Ligand SMILES: [Br-]
Ligand SMILES: [Br-]
Ligand SMILES: [Br-]
């Protein structure tokens, strides 16, 4: 049942990807 | 041993959830 | 094949760790 834990891992990886980009936007906006 | 990798996946999902909410707070605070 | 899904879980955990620290930097910078 390697297949569907793999789906959850990927759902996490995707959420992380989008969070990283949003963080980067905030980083730029707070910076000088 | 599907059970405890599943625990780690969930520990990650939880950490992501809280990060997403904190990011959203920062997004609002940087915005106009 | 518990071993390499475990590698991906860890790649996620590491990405989360670094995101949490970057968020914390932004939180401090937006705060009063
Ligand atoms: Br994250
Ligand atoms: Br994960
Ligand atoms: Br942020």
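A short reminder: the numbers here are calculations on the coordinates, not readings from a lab. In this analysis, Cβ positions are derived from the backbone assuming ideal geometry, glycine residues included, and neighbour counts consider all displayed protein chains.
Couple of notes before you dig in:
- Efficiency of FRET from Cβ geometry, residue C:1 and residue B:17, R₀ 25 Å, rounded to 0.05: 0.35
- Largest first and in whole Å, the equivalent-ellipsoid semi-axes of the protein assembly as shown read 30, 10, 10, each the square root of five times a Cα gyration tensor eigenvalue.
- Placing a label point 7 Å from Cα along the Cα-to-Cβ axis, residue A:11 is separated from the same position in the other copies by 2.0, 2.0 nm, shortest listed first.
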